[PDB]
């Protein structure tokens, strides 16, 4: 939208561009989803949104994304940044926070189209939102969590320098799933960062966050 400055935000790395999904990018993301996100014998997500039928996925996705855009509040926000490789939407690296002005703590969530995995994009797009969070938002801590049987996202966290932060368990599609929690302080983030990241279009967004 041309009426919400958050649409002008750009986070760029040597291979990726991240930005809030426009109407065009949402449709691209649905196209990517329909080509496949994960092997059907896995469930990497808290909410099993990828189980939805081919017919339902498109609107479920539009709905979720619309709701996330619409729910932005200074004290409770979620930013699902579309990840682009040469202008094409390959996945989402979200960043969110509750009471950010007070806590200075963000968490994240991610997915990539299946054919786009295993090329370092997941590490890079994480490095990208962390740069945004620490350098632009002046976050102090970033957290993430991964199911024990989701080693790609565990490795991404370990690569970006997160430390172990305890264990959780949740109901995952009717069965107990163990989860690992990760924590990244600004110190740790600095000591492990290797991706050159640039942010543009943020000046006008500053007062929305604080």
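Numbering follows the first chain given and starts at 1.
> Got a sec? Mean C-alpha B-factor, which is higher, 111-119 or 132-140?
According to the entry, 132-140 carries the higher average C-alpha B-factor.
> Do the C-alpha atoms of 98-106 or of 121-129 have the higher average B factor in the entry?
Taking the mean C-alpha B-factor of 121-129 and of 98-106, the larger value falls to 98-106.
> Which of these, 161, 151, 166, 40, has its C-alpha atom at the highest B-factor, as the entry lists it?
Of the options given, 40 has the highest CA B-factor in the PDB entry.
> Grab the CA temperature factor for residue 45 from the record and place it in the lowest, middle or highest third of its chain.
It falls in the top third of the chain.
> C-alpha B factor of residue 11, ranked within the chain: lowest, middle or highest third?
CA B-factor rank for residue 11: lowest third.
> Comparing against every modelled residue in the chain, figure out the third that the C-alpha B-factor of residue 53 lands in (lowest, middle or highest).
Answer is highest: the recorded C-alpha B-factor places it there.
> Within this chain, which third does the Cα B-factor at residue 18 fall in: lowest, middle or highest?
Lowest third - that is where residue 18 ends up once the chain's C-alpha B-factors are sorted.
> Tell me, lowest, middle or highest third: where does the Cα B factor of residue 171 rank within its chain?
Highest third of the chain for residue 171's C-alpha B-factor.
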